[PDB]
Asker: 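Sharing a structure, written as structure tokens. Questions coming.
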2 protein chains.
Amino acid sequence: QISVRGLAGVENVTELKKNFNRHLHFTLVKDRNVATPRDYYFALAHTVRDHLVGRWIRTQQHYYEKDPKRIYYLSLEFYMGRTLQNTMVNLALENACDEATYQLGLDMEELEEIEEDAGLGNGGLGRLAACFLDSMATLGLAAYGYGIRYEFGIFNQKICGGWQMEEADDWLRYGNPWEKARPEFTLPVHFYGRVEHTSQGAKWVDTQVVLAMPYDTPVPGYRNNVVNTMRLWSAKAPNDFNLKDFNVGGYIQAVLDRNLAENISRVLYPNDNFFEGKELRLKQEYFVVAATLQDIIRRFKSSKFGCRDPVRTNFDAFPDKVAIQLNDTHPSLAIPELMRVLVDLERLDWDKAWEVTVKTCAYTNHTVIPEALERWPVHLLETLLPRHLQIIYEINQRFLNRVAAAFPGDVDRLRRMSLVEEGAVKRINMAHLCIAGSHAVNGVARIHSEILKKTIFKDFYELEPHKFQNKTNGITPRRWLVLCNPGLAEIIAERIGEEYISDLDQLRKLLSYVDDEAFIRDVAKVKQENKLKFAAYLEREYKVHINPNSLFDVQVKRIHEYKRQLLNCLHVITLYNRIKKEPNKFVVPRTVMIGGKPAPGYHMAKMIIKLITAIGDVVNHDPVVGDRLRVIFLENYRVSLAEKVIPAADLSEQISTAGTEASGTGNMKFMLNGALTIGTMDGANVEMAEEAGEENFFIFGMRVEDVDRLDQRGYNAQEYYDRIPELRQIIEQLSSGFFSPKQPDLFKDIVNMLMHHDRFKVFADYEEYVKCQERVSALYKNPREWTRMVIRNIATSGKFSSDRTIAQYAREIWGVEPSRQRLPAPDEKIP
Amino acid sequence: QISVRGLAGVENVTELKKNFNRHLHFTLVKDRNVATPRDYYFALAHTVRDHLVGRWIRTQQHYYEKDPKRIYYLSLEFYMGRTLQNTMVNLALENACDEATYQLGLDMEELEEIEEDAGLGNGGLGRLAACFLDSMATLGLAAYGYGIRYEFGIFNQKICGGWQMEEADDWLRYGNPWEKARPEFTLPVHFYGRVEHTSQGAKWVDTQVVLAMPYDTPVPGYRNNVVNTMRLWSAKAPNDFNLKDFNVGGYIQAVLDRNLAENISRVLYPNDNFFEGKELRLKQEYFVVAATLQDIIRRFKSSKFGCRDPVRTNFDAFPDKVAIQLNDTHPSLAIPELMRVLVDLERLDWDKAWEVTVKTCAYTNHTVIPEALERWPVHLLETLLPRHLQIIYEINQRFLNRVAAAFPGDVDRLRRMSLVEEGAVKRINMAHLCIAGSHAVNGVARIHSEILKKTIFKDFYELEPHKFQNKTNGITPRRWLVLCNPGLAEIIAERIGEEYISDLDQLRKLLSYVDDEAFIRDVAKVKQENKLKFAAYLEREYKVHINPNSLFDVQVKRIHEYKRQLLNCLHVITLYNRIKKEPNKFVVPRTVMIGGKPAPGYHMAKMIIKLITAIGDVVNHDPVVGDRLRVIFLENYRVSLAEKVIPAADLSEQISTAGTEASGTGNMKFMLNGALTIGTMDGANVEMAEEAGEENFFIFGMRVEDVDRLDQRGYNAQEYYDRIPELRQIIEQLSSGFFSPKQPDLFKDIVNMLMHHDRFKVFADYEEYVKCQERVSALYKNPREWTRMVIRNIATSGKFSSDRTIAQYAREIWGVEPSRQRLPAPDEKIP
Ligand SMILES: *Cc1c(COP(=O)(O)O)cnc(C)c1O
Ligand SMILES: *Cc1c(COP(=O)(O)O)cnc(C)c1O
Ligand SMILES: OC[C@@H]1[C@@H](O)[C@H](O)[C@@H](O)c2nnnn21
Ligand SMILES: OC[C@@H]1[C@@H](O)[C@H](O)[C@@H](O)c2nnnn21
């Protein structure tokens, strides 16, 4: 039998085929004689979507009947990936659709590769959101992910001459079978305008209006029949002031100018985190905050209140019925906006509105590196949003009065912890507005949460230590194990069962097969098959025959200086220099695969991508190197390429300067799928080593105390250049043009940076790194010992399930109890 | 029984209900507890669309098997109206859906009023196209209407203070159930660029590319199971040079700037015909021409050639397999564009390509008034389209050489009939390019076609008299009789049967009931019911209780000076002045209803709309007038309001200065539905009077000889002002402010125009008009005599069926034989 990838029932394969042909004809308006793979993909997509509308409808009615506390997860990013296989998996439908389509003569795996990725994310942030939504539905929570429906997702990367070329991601060219446009619930978002003070209230008057049309996507829980909702807002011009204030213009042009209000959801801002002070960005931010809060209050006004008991619109019970999670400072405006709707329109006292706002709101901090912090120009919030900058001033004023009452005379504290930064451009510190106005603040890994309490939010911690918490990131076992690695999920399933997909802690039962020759041959058999498929796919749809017998060494994640892909490059060049030095000496063979996208304006990231392809140019055509070493740049890394590379890797690179990667989630995906980690004590790498023991990790380099000590004495890269002749050789190979022969000067900016302005200390972790790399090649040479260190990683992945993360959020921040018990499946009834 | 509006079969009402509930749940993702009328409308729309995909698919496969000559009707306008009831009607589905929804507790008529109008038209032109497509499908023709899918149709008119206020028509807010986006057939349209001459061919190189994505709408023939296609193109940015030429810009902004190539199908140009030299217009024009011609050639390369016999791509057989009809000069570029594709890309000799182009192309002229003629600036075609302005020069050059060979020494002929007009701005006369390059040129009524041969295309006629023809416009009996007036279609059906809906000439058999008291009571009973519904609807969804016992006097059509709504106003004021003069004298009571939209920039049309509401202001609140007279301005006249007003009218106003309305089609809709016509000898009014006899019309005023005679001596309105004291009174009532009391000066521009610059001679037809109006009130007083003049109009409407027009086009221009025999209905098979 295939796997136990659901049952492939006799009646159930019949009904699927019938339904597939009903949509090819009626929905696609094709007949099997004119239909492409694409049309076949859409006929399956619609037949699978049919199976979850019954549940979606029953799940929502259900939340209205028993009125639970609802969780609204506000994220300007959700990186969802392809959703056909995830839907079949969470419904138990995958070998039925696989039997069914096979009987129609269709390879289901061809049809799945047809689907565009919903790449409405940049990377770790949007994917954490995607992974949390799958767990919230799996934990039975009344939760709604609330985002912007971008027309253009993250750009498609093209490597054109070794240089990244960006291309627009038109993911909707062919439509999306998964959403349901809900025009009926269009809502108004107000922008610009002014505040006039009646001696009764403040009114924000004279505003331009943009309409927000919701689009819902179903989020199915794993086999529990819960289908929750991801609501994404789309911007629409009002077809009224646009044609109500005329006063010269021209009719055609008043109609052309509407794609100017619709531009607010045109595109995802490509900043794999760094901050850009653009008005379009603040507008996208305010758009998802104002539209969503209207939906929250709407759903609160109805319920067991817009119906009965203590008859005033009781906002006192708002925090017990509502929880909104601010995923970074991107939705921070949900705090002066919930104060606006409460104080201005519901007319509550300022102090009572504030008690309700902090009891509702919670903030997650995702990074400590300062270029990623949102600090908005006040002339910008004054122009665009004038009531909110007034409310924000009021929050700041009353906050400092309580800080000053607690730390009397500490004038510096006050300057430090102000929401208003004075300076060249007066600005508002959005992080500070989120700690002031949330009842919980949290980091994404234990090292990061501590660093928040010890450096960046130290003063805020001293005031309100009770707010700071930690919720270590997680990954969902479904896509990141059952979906991308059916083979590995099957041999685990054989030994310990299938219940491990709702609690990955049962993977701990695998420790008992570390010494079991069948299991060691099985764990290594599937890793060798996965490596055979990714080797194949790569030739087939991209390039050169890579050796499946190499150690697949892969670093896939956004190109940044802190993530230190130039440190991995120094190691690759080191390897090539040792082969050339001693050509006829055996080395363990490697296929180094580095991939990720660079934000368009980050010139150094773009230069780093050119280095890696320039190293591929040299190494891969050296006859003396032969086959022992290959350098490959994985073009257009996205969620669906991650489901391909990560099951095929032997070594995971997680090499960030200690203290800079807040958590990482790529690192956890690689631990679940049988790759060992070489990594610094950074982010969740610390808790990963601790979970499997240091002896099962290749942890190395400076620790955070060591980066501070080094920074206090002063970091000087020249010193490493002197003491290490292999680092001398490399640097001079860069400067003189060995890797760029037609343009000797080409990598001069990287040399100079390393040498003179390296904020991330690449050179200080070089000897410990290249030595730690000698120990993993050493272990690789002993197959049986690699596979058992691997079995001790896999066996110890349970903490890293987003189901653990979410039962921690539910319980310690939202006040909700996670259930995982099947709701009734609709079967017939249309209500 | 309801009517014989199809059968309401037992199994068939069952299957419809089941299918209605399957789409409410699965397609709308609603349950009957949360579903509005709107959601009910869309569940019926999708169940009715299901019934025609089987036929659409079988009809297209069919045209490929037996390979007929195909007709491509190119129109920048199709004014389709609402399509639910037209689809139920052409499929025999209307009392089944009516039983079915009633049994679900739904008033089907509520649900039909939910549908937006596809208002992709301005008026007579787009609606003629809509009416032709219904007849082509009904006459079994392999025909495709080819247009632009505008995002914004014709603006919605708001009368705000008596002034027209325009509003954007967002007809797609809620989606369209009728189209099928066909992304798979996106095609490239080239713009700008340059021509370089290789000494082998000319290449148009360096062009910007815009993508054209097709959207198909099914056009169902009346009960013959033919479902043909209306393909509408949508503009899309290439997601490649837009992000392939960077060279400074900014990534976000390169993605925002795509709504700039997508602007080509953003909006319908609102010019109820007059001509505006805008680049966006030439671009929309070139867009539908280039995309469509790629589809024509594509479908020609395949067939019984891209398969077999005399093995070169035989363009010689192109005119025998292809006919494109140029509906006005808007698609005239189909002539240098078919020469481009043939000469530049297929490499045919110039002379051979020209024989194929004129044998394919035919041109329909729709008006003679000069402000409507397209004369494009050469610096514009040189910039935007440089190969086409070069090809056009080449056509002009070889045309004048044959003119000069036929009329030797006639240097003025040559200046006159040139495609290039010299002058201040050198220009290209598109009408002239269409007569040069088409094998048939035609007018839309016998008077208009003659006037073309005698004035405007006289020189072209003298050269090639064989080209000029006439095809008198028509209206489809289905929407304009069976759909809007089921009652009238039923009592005709009772007496003479139902076969009259495929040949309206059988209405001639009705002459036999002119003296039949049952039929005279029936014809007048349904007109009184229709007048009761339109009186009701008007209060209910708009305004004041109008008297159903009045003569409903209505003029609905675009506001222009030539259509002479100010002449109808002079008559209304005349009536009000006679009541006031002699208040206690019986007059026949009237409800005058004037309605139509004004192009946004035509200040006089906007002033005329303010006059009519200003006359409504006065008259409708005069207590002495009481109820004998009411003036109503029908706000936002569109196809669906036409299906409401036209069945409820007693008098049709068709009052154009003789020689200016080329045909009219409103006039024919009113003759089919039992209204008598008061009209000048203009357009098809001439053939309408002739069809029913002059004695059954209220024909009046100057004839065309009389407008020429008057123009040669010199038209002077002052002379009419002197001889007619009732016209003096009115003019001075306008000048002094009787109708505009707060602003006496307000109608000063209209007075001045009438008095000093009336190109359409309103004053010269005033006495004959107001006297002719005394004769219709006279007849109205004799109910039995009105209803029998009416029965002689209705009985004589057959010539005015677009089925006659199209069997004339098919046979005398396209070389096709009309069939009307049922194709097989699919019943089960999905191929
Ligand atoms: C998981 C994931 C990430 C996160 O990677 P890190 O290494 O944690 O920075 C980024 N992009 C994609 C495509 C992912 O799947
Ligand atoms: C038929 C029709 C017209 C044509 O009217 P004419 O009086 O011939 O100019 C214009 N608009 C609409 C809505 C129509 O139905
Ligand atoms: O918490 C989710 C991820 C973390 O895993 C990364 O370490 C951090 O750089 C980040 N920034 N935004 N989102 N993220
Ligand atoms: O032929 C269709 C209609 C005619 O009936 C009108 O008389 C004419 O003004 C016109 N202009 N464009 N289209 N049309």
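In what follows, chains are A, B, ... by sequence order, proteins preceding strands, each numbered from 1. Worth knowing before you read on, the calculation uses all heavy atoms, side chains too, and leaves out hydrogens, waters and symmetry mates.
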Asker: To the nearest 0.5 Å, what is the distance between CD (B:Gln61) and CG (A:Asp31)?
Answerer: 5.0 Å

Asker: Where does B:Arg38 contact chain A at under 4.5 Å (heavy atoms): side chain, backbone, both or neither?
Answerer: neither

Asker: Against chain A, label B:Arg266 side chain, backbone, both or neither, depending on which of its atoms sit under 4.5 Å from a heavy atom there.
Answerer: side chain

Asker: Could you look at B:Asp216 and say if it's the side chain, the backbone, both or neither that has a heavy atom under 4.5 Å from chain A?
Answerer: neither

Asker: Could you tell me whether the side chain of B:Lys236 reaches within less than 4.5 Å of the side chain of A:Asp170, counting heavy atoms only?
Answerer: yes

Asker: Looking at B:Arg32, B:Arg182, B:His46, B:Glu262, which one has more heavy-atom pairs under 4.5 Å with chain A than the rest?
Answerer: B:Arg182

Asker: Any idea which of B:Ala254, B:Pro831, B:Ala237, B:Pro183 has the most non-hydrogen atom pairs under 4.5 angstrom with chain A?
Answerer: B:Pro831

Asker: Less than 4.5 Å apart, any side-chain heavy atom of B:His25 and any of A:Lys829?
Answerer: yes

Asker: Identify the residue among B:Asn259, B:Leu260, B:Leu256 that makes a side-chain contact (heavy atoms from CB on, under 4.5 Å) with A:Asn259.
Answerer: B:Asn259

Asker: Side chain, backbone, both or neither: which part of B:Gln60 has a non-hydrogen atom closer than 4.5 Å to chain A?
Answerer: neither

Asker: What closest approach, in Å, do B:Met213 and A:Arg173 show between heavy atoms, and which atom pair accounts for it?
Answerer: SD-O, 4.4 Å

Asker: Let me know which of B:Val34, B:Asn33, B:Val29 forms a side-chain contact (heavy atoms from CB on, under 4.5 Å) with A:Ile57.
Answerer: B:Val29

Asker: Please round to the nearest 0.5 Å and tell me the distance separating atom CG of A:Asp169 and atom CG of B:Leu243.
Answerer: 10.5 Å

Asker: As an exercise, state the distance from CG of A:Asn242 to CD of B:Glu167, rounded to the nearest 0.5 Å.
Answerer: 11.0 Å

Asker: Identify whether the distance between the nearest side-chain nitrogen and carboxylate oxygen of A:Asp50 and B:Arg22 falls below 4.0 Å.
Answerer: yes

Asker: If you measure from the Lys or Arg side-chain nitrogens to the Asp or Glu carboxylate oxygens, is any gap between B:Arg258 and A:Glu151 under 4.0 Å?
Answerer: no

Asker: From B:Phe26 CZ over to A:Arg49 CZ, what is the distance, rounded to the nearest 0.5 angstrom?
Answerer: 10.5 Å

Asker: Heavy-atom distances under 4.5 Å only: say whether A:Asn156 touches chain B with side chain, backbone, both or neither.
Answerer: neither

Asker: Could you check whether any side-chain heavy atom of A:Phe155 comes within less than 4.5 Å of a side-chain heavy atom of B:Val255, counting everything from C-beta outward?
Answerer: no

Asker: Can you measure from CG (B:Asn21) to CD1 (A:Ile830) and round to the nearest 0.5 angstrom?
Answerer: 4.5 Å

Asker: Counting heavy-atom pairs under 4.5 Å with chain A, which one of B:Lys244, B:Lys278, B:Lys180 comes out on top?
Answerer: B:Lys180

Asker: Which one, B:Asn263, B:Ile252, B:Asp240, B:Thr36, leads in non-hydrogen pairs under 4.5 Å with chain A?
Answerer: B:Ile252

Asker: Check each atom of B:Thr27 against the heavy atoms of chain A and say whether the ones under 4.5 Å are side chain, backbone, both or neither.
Answerer: backbone

Asker: Which atoms of B:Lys158 are under 4.5 Å from chain A, going by heavy atoms: the side chain, the backbone, both sets, or neither?
Answerer: neither

Asker: Among A:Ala181, A:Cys160, A:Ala168, who wins on heavy-atom pairs under 4.5 Å with chain B?
Answerer: A:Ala168

Asker: State the CD-CZ distance between B:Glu166 and A:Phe246, to the nearest 0.5 angstrom.
Answerer: 9.0 Å

